[PDB]
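One letter stands for each residue in the lines below.
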Amino acid sequence: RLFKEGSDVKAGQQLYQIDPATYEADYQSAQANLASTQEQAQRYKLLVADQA
Amino acid sequence: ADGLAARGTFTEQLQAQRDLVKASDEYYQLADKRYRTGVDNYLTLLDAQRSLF
């Protein structure tokens, strides 16, 4: 609980930490899938100019 | 007459062969670009290089 009680908080200030451990995991999996298909799209972008 | 027939045919047959050679060369050049961008492996570059000569 990372706030002193009875204080004034602003918008977007973090209040708790709910120990992600699954959201981090499928974030890693989606990050790996994006880190494949980004190069897969970039090489096709370079190739499509030469009509290969 | 056979010599005149060979003269009338060979200049077009060699032109067809030259067009075939340059089509294979354009194929090899596109395959080389597709290799060096990283899309394909060296084997399907080497087979096109082989078909070229």
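Definitions and cut-offs
Residues numbered from 1 in each chain as written, not as in the entry; some residues may be left out. Chains lettered and ligands numbered in written order. Part of a larger assembly, values for the part shown. Heavy atoms only, no water. Helix = DSSP H or I, 4+ residues; strand = E, 2+ residues; numbered from the N terminus. Rg over C-alpha atoms; globule rule 2.2 N^0.38 Å. Buried < 20%, exposed > 50% of the residue type's maximum accessible area, 1.4 Å probe, protein only. Areas by Shrake-Rupley, 256 points an atom, 1.4 Å probe, with all protein chains shown as cover. Contact = heavy atoms within 4.5 Å. Buried area = accessible area lost by both parts, 1.4 Å probe. Salt bridge = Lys/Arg side-chain N within 4 Å of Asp/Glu carboxyl O. Polar contact = N/O pair within 3.5 Å; in protein donor to acceptor, adjacent residues only side chain to side chain. Nonpolar A, V, L, I, M, F, W, Y, C, P; charged D, E, K, R; others polar. Axes fitted to C-alpha atoms, helices over the stretch in contact; angles between N-to-C directions. Parallel < 35°, antiparallel > 145°, perpendicular 65-115°, else oblique. Left-handed = near helix turned anticlockwise from the far one by under 90°. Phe/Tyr/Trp six-rings, centres within 6.5 Å; stacked < 30°, edge-to-face > 60°.

In the PDB archive, cryo-EM is given as the structure determination method for this entry, at a resolution of 3.2 Å.

(A) Molecular detail of the overall build of chain B. In terms of regular secondary structure, chain B is built from two helices and zero strands. For 53 residues, the compact-globule formula gives about 10 Å, and the C-alpha radius of gyration of chain B, at 17 Å, lies well above that figure. When the 53 residues of chain B are sorted by exposure, 13% land in the buried category. Split by element, the accessible area of chain B, about 4,300 Å² in all, is 55% carbon and sulfur.

(B) Structural detail: the interface of chain A and chain B. Of the residues lining the interface, seven residues belong to chain A; the matching set on chain B comes to six residues. Each partner contributes to the roughly 600 Å² buried at the junction of chain A and chain B, and carbon and sulfur atoms together form 68% of this total. A per-residue breakdown of the area chain A buries against chain B is headed by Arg-43, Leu-47 and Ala-52 of chain A, which together make up 67% of the total. Counting the contacts that link chain A with chain B gives zero salt bridges. Here chain A is connected to chain B by two residue pairs in polar contact. For the side of chain A that touches chain B, a count of residues per class yields four nonpolar, one polar and two charged.

(C) Broad picture of unusual backbone geometry. Residue and element names in this part refer to chain A. Of note in this structure, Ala-21 is not a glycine but carries a positive phi near 60 degrees. Tracing the sequence through the fold places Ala-21 in the segment before α1 (23–47). Accessibility expressed as a relative area gives 55% for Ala-21, which makes it exposed.

(D) Spotlight on the packing of helix α1 (residues 2–36) of chain B against helix α2 (residues 43–52) of chain B. Residue and element names in this part refer to chain B. Packing of α1 against α2 leaves a shortest axis separation of 9 Å and a crossing angle of 165 degrees. Considering the angle they form, α1 stands roughly antiparallel to α2. Seen along the crossing, α1 lies across α2 with a hand that is left-handed. Touching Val-21, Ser-24, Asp-25, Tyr-27, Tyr-28, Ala-31, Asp-32 and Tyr-35 of α1 are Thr-44, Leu-45, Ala-48, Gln-49, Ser-51 and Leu-52, all from α2. Tallied by class, the residues present in the contact of α1 with α2 amount to eight nonpolar, four polar and two charged.

(E) Just the packing of aromatic side chains, in detail. One pass over the full model with this rule turns up two aromatic pairs over all chains. Here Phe-3 of chain A and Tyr-16 of chain A contribute two aromatic rings whose centre-to-centre distance is 5.8 Å and whose plane-to-plane angle is 90 degrees, an arrangement assigned as edge-to-face. One end of the pair, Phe-3 of chain A, is in the segment before α1; the other, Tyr-16 of chain A, is in the segment before α1, with 13 residues separating them in the sequence. Judged by relative accessible area, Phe-3 of chain A falls into the partly exposed class, the value being 23%. Ring geometry for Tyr-35 of chain B and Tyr-42 of chain B: centres 5.8 Å apart, planes at 40 degrees, overall tilted. Exposure remark for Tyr-42 of chain B: the relative accessible area of 45% places this residue in the partly exposed category.

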